[PDB]
Amino acid sequence: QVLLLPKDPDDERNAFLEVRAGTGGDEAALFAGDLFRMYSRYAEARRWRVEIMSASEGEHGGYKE
RNA sequence: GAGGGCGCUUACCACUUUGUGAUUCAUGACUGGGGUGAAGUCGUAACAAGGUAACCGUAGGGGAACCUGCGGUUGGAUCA
Ligand SMILES: [Mg+2]
Ligand SMILES: [Mg+2]
Ligand SMILES: [Mg+2]
Ligand SMILES: [Mg+2]
Ligand SMILES: [Mg+2]
Ligand SMILES: [Mg+2]
């Protein structure tokens, strides 16, 4: 029942969280503004730095990338 | 002796070889389009007079649907 056997490289490194619109077009680019709101609020629960480097917005709102 | 056989020889002829051409299948850097997409970008050309009535031939032009010229057609509308 011992829990920490293996090692893990890359495991503490910072991420590049990319979110892209799938099927739906203007609405798949409108749920993508709610996955970014899912993880950017999760990264503030445990004190991380979101850094919006590139973002192209949808027509009716959200993010297409 | 006549005649036959063997040999030789010539004629026809299969193998095989050379030249060139047709044709069909495979393939080829690349390129012209075509078809299918439960989402993208740029427009809105068509269907209502679709907001420039559409369309046919042809010609020229333009990212693209197209647009314009000349002729034609009604498979156009409104005529108070
Ligand atoms: Mg139109
Ligand atoms: Mg117009
Ligand atoms: Mg018109
Ligand atoms: Mg027109
Ligand atoms: Mg018409
Ligand atoms: Mg012109």
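This write-up is about the structure you can find in this document.

Let's talk about the protein's contact with RNA strand B
Here is step 1: Taken together, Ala 21, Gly 22, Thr 23, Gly 24, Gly 25, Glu 59 and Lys 64 make up the full set of residues adjacent to RNA strand B.
Here is step 2: Of all RNA strand B atoms lying within 4 Å of any protein atom, the proportion belonging to sugar or phosphate reaches 61%.
Here is step 3: One of the backbone nitrogen or oxygen atoms of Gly 24 is found 2.9 Å away from a sugar or linking oxygen of RNA strand B.
Here is step 4: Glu 59 has a polar side-chain atom sitting 3.2 Å from a phosphate oxygen of RNA strand B.
Here is step 5: Taken together, the residues that form the surface near RNA strand B break down as one nonpolar, four polar and two charged.

Description of the environment of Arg 46
Here is step 1: Within the fold, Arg 46 resides in the segment after α1 (28-45).
Here is step 2: A C-alpha to C-alpha distance of 23 Å links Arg 46 and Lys 7, two positions 39 residues apart in sequence.

Remarks on the packing of aromatic side chains
Here is step 1: The full count for this structure, using the stated rule, is two aromatic pairs.
Here is step 2: Considering the side-chain rings of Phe 36 and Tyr 63, the 5.7 Å spacing of their centres and the 75° angle between planes classify their relative orientation as edge-to-face. Remark: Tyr 63 occurs in the segment after α1 and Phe 36 occurs in helix α1; sequence separation between them is 27 residues.
Here is step 3: Take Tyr 63: its relative accessible area is 22%, and that puts it in the partly exposed class.

Some words on α1
Here is step 1: Here α1 spans 26 Å end to end across 18 residues, near enough to the 26 Å set by a 1.5 Å rise per residue.
Here is step 2: Here α1 has its buried residues at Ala 28, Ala 29, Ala 32, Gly 33, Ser 40 and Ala 43. Down the axis of α1, the buried set is contained in an arc of 150°. They therefore lie on one face. The outward face of α1, more than 90 degrees from its buried face, is lined by the exposed residues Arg 37, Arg 41 and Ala 45.
Here is step 3: Looking one or two residues beyond α1, the residue adopting positive phi is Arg 47, at roughly 60°.

Considering the pattern of salt bridges
Here is step 1: What the rule picks out here adds up to two salt bridges.
Here is step 2: The shortest N-O distance in the salt bridge between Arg 20 and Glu 18 comes to 2.6 Å.
Here is step 3: For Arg 20, a relative accessible area of 55% corresponds to the exposed category.

Conventions we followed
- In this view, residue numbering begins from 1 on each chain in the order the sequence is written and may differ from the entry, while residues that lack coordinates are not shown.
- Lettering for chains starts from A, numbering for ligands starts from 1, and both go in the order in which the items are written.
- Taken together, the chains in view make up part of a larger assembly, and the values describe this part alone.
- Hydrogens and water are ignored here; the side-chain numbers use all heavy atoms of the structure.
- Summary of the distance rule: residues count as near a molecule or strand when at least one heavy atom falls within 4 Å of that molecule or strand.
- N or O atoms closer than or at 3.5 Å make up a polar contact, with two conditions inside protein: a donor-capable atom paired with an acceptor-capable one, and, for residues adjacent in sequence, both atoms drawn from side chains.
- In this classification, the charged set is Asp, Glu, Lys and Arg, the nonpolar set is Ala, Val, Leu, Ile, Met, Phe, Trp, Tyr, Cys and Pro, and all remaining amino acids, among them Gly, are polar.
- In DSSP terms, a helix is any run of H or I states spanning at least four residues, a strand is any run of E spanning at least two, and both are numbered starting from the N terminus.
- When the centres of two rings from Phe, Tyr and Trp lie within 6.5 Å, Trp using its six-membered ring, the rings pair. Their planes under 30 degrees apart give stacked, over 60 give edge-to-face, and anything left gives tilted.
- Burial here depends on accessible area, computed with a 1.4 Å probe over protein chains only, as a share of the maximum for the residue type. Under 20% is buried, over 50% is exposed, and the range in between is partly exposed.
- The span expected for a helix works out to 1.5 Å for each residue beyond the first.
- Each direction from the helix axis to a C-beta atom contributes to the arc, which is the arc of those directions.
- In what follows, salt bridge is the name for a side-chain nitrogen of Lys or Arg lying within 4 Å of a carboxyl oxygen of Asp or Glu.

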